[PDB]
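All heavy atoms count here, side chains included; hydrogens, waters and symmetry mates do not. Count residues from 1 along the sequence.
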Amino acid sequence: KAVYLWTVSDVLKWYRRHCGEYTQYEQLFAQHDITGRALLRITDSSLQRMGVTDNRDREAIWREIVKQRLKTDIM
């Protein structure tokens with residue numbers, strides 16, 4: 001499924017699969033209503049505003065977001 005079309009549920013499924021060691025934050029994605037379109041636009045600073053203040057955790061999640069953008073872009 002193209003990321004642009006991902007629902008929040010699609011985002012949560014992606015998050016569980018790729019950020020499985022950071023599940024503690026998973027509800028932030030639902031509470032902030034992060035669709036695929038939002039996922040492609042969010043910044044490291046958005047993550048910190050959602051409450052991922054731990055640097056190493058936020059770095060890890062951010063890298064997964066960038067990895068997904070790269071997959072999307074090479075297509």
Side-chain angles (χ1 to χ4, degrees):
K1 193 168 187 180
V3 185
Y4 197 79
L5 303 174
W6 283 6
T7 62
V8 46
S9 283
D10 293 325
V11 171
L12 296 173
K13 178 175 63 166
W14 160 84
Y15 189 89
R16 288 202 281 301
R17 181 155 149 240
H18 295 272
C19 296
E21 288 290 64
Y22 301 99
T23 186
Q24 64 200 305
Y25 301 102
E26 189 174 294
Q27 186 68 14
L28 301 182
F29 288 79
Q31 299 183 9
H32 290 267
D33 204 35
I34 305 303
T35 57
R37 286 170 53 164
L39 193 69
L40 293 163
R41 294 184 70 157
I42 60 178
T43 59
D44 194 329
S45 83
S46 315
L47 288 177
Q48 188 159 16
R49 288 193 280 102
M50 294 164 211
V52 195
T53 55
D54 182 77
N55 298 339
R56 290 170 102 69
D57 288 351
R58 184 181 61 258
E59 142 261 324
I61 297 165
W62 180 247
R63 289 183 301 93
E64 292 303 324
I65 296 177
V66 179
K67 185 185 297 71
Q68 186 60 54
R69 287 181 196 176
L70 285 163
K71 168 132 185 169
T72 298
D73 293 339
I74 271 78
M75 285 196 290

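Counting only heavy atoms from C-beta outward, the side chains of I65 and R69 approach each other to under 4.5 Å. Contact of the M50 side chain with the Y25 side chain is not registered, since no non-hydrogen atoms from C-beta on lie closer than 4.5 Å.
Heavy-atom neighbours of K71 NZ from other residues, nucleotides or ligands within 6.0 Å: at or below the threshold of 12. Heavy atoms from other residues, nucleotides or ligands lying under 6.0 Å from NZ of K67 number more than 12.
Residues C19 and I61 share a closest heavy-atom pair of SG-CA, 4.3 Å. Taking every heavy atom of both residues into account, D10 and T7 meet most closely at OD2-N, 2.9 Å.
When atom types are taken as modelled, the side chain of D73 and the backbone of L70 share no donor-acceptor pair closer than 3.5 angstrom. No side-chain donor-acceptor contact under 3.5 Å links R17 to the backbone of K13.
Using modelled atom types and a 3.5 Å distance limit, the side chains of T43 and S45 yield a donor-acceptor pair.
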Do any side-chain atoms of residues 32-42 form donor-acceptor pairs under 3.5 angstrom with protein atoms, and if so which ones, sequence neighbours left out?
| residue | atom | partner | partner atom | Å |
| --- | --- | --- | --- | --- |
| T35 | OG1 | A38 | N | 3.4 |

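Between the CG atom in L28 and the CD atom in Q31 there is a gap of 6.0 Å [rounded to 0.5 Å]. Atom CG of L47 is separated from atom CG of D54 by 12.0 Å, given to the nearest 0.5 angstrom. Rounding to the nearest 0.5 Å places CG of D57 at 10.5 Å from CD of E21.
For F29, the ring-ring contact (aromatic ring centres under 6.0 Å, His included) partners are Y15, not counting sequence neighbours.
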